[PDB]
Amino acid sequence: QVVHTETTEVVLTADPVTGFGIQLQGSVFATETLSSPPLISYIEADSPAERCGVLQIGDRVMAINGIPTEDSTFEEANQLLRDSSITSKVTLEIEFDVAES
């Protein structure tokens, strides 16, 4: 159970069905804590994020498509996901903390 902590660059592509079944809450749309920054905490059983083979609940998004969000803006996160349609794909910079090997 080694302890780690790094940032990952997960580039996703808007699926022709749903697009981005993955949701990121800025500690506002969840009863668990609030007034906090935006992060990933929701994936679909058929979304590019789930099938990305490198995404899960816990990823701290703080630099998506350039926009690292300001303080806390849930609406901002959703906007970034929708702004991915422009290029058909987005690059979300997240931070993970390994705590189990």
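Residues numbered from 1 in each chain as written, not as in the entry; some residues may be left out. Heavy atoms only, no water.

Determination of this PDB entry was carried out by solution NMR, according to the record.

For the protein, the name recorded in the PDB entry is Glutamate receptor interacting protein, with Rattus norvegicus as its organism.

A. Summary view of the packing of aromatic side chains. A complete count under the given rule lists 1 aromatic pair for this structure. Measuring from centroid to centroid gives 5.3 Å for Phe29 and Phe74, while their planes differ by 10°, and the two rings are stacked. Of this pair, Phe29 sits in the loop between β2 (24-25) and β3 (39-40) while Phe74 is found in helix α2 (residues 74-82), placing the two residues 45 residues apart along the sequence. The partly exposed category is assigned to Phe74, whose relative accessible area is 25%. (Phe/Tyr/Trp six-rings, centres within 6.5 Å; stacked < 30°, edge-to-face > 60°. Helix = DSSP H or I, 4+ residues; strand = E, 2+ residues; numbered from the N terminus. Buried < 20%, exposed > 50% of the residue type's maximum accessible area, 1.4 Å probe, protein only.)

B. Focus on the pattern of salt bridges. Tallied over the entire structure, the rule returns 2 salt bridges. The shortest N-O distance in the salt bridge between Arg51 and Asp46 comes to 3.5 Å. On the accessibility criterion, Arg51 (43% relative accessible area) is partly exposed. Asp46 gets classed as exposed once you look at its relative accessible area, which sits at 56%. Residues joined in a network through salt bridges with shared partners are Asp46, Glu50 and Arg51. (Salt bridge = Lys/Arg side-chain N within 4 Å of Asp/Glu carboxyl O.)

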